[PDB]
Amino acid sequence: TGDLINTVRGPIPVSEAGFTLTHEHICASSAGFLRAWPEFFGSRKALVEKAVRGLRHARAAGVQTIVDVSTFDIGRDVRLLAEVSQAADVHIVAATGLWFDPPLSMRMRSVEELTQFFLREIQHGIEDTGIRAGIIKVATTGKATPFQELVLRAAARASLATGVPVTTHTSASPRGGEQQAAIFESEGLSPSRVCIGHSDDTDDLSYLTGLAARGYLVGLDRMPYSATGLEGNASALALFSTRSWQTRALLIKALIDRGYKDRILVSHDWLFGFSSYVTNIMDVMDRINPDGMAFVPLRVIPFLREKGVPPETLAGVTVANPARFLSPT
């Protein structure tokens, strides 16, 4: 009680976030795209309706909060987030930061300028909406580019100023997480403010326990991205692993069994629209995972419980760890 987090509908008590998915998207797009070309998604109205149905399904399954880690260059539309949050009765935390598609107007900026932009979105609000980011999303693509280093440093600085956590995208080992950690630490950022994302891309337990031992949160955040019979489909095969989802889920158990239950965040990296990839990709995705963002609560959590993970431990992972991560600290 007492701690607050910013959502797209305003401030909420941390203790009300409940079962929280820490890496999700309503729509993965590009800056300006939803506004310039809503018909790409059928219509803005069809996108809202699909997202609200999806989030109502997740809510029925026990999900109370999602963290939408869509940055400016993922075409985050905070008005869309607010509308869907209100219609679905699911809290949504919005993000600042930058992903791997920054336009020239971002790429030309200094660390100090990027810091000011992240702080504006956290402290003032996004665009002219007054809605404030509750997380900072950064991405490196293999070995950090020089601009990516600036982004990571600007993220660390904005976090230090605000207590808001940082969450990352990594390529599949690299293993890019270690370089990100090195940059964050050089800026004096506490690892407990940081989630190293897409850490389920590989079953490298030494990499993962290495990060966890240092205080980092490990984002096991692509839980439903497993499929069979996609070889005649190059673009779909790129997204979906041959590893069963059971294998991804066993990584959560592996980390719990090694003493790191407090260092784990679980999510889907799901979405209801996707213009930054091939056309009609959603048809493929929705056929594979019709449960959408209810996949974790419906499938992953019962599987772990059935494998002997205690309910208190599962509660800790899905409720306590997100609460501690999101609480400005």
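The first residue of the sequence shown is number 1, and the count goes up from there.
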Mean B factor on CA atoms, stretches 252-260 and 89-97, record says higher is 252-260
Averaging C-alpha B-factors over each stretch, which comes out higher, 308-316 or 14-22? 308-316
Considering only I126, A156, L205, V164, which residue's Cα atom bears the greatest B-factor as recorded? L205
Looking at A51, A28, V284, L265, which has the biggest Cα B factor in the entry? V284
Tertile call for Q116 (CA temperature factor, within chain, third-based) is the middle
Lowest, middle or highest third: where is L80 by C-alpha B factor in its chain? lowest
Lowest, middle or highest third: where is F240 by C-alpha B factor in its chain? highest
The third of the chain into which the C-alpha temperature factor of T168 falls is the middle
Once the chain's modelled residues are ordered by C-alpha B factor and cut into thirds, is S105 in the lowest, middle or highest one? lowest
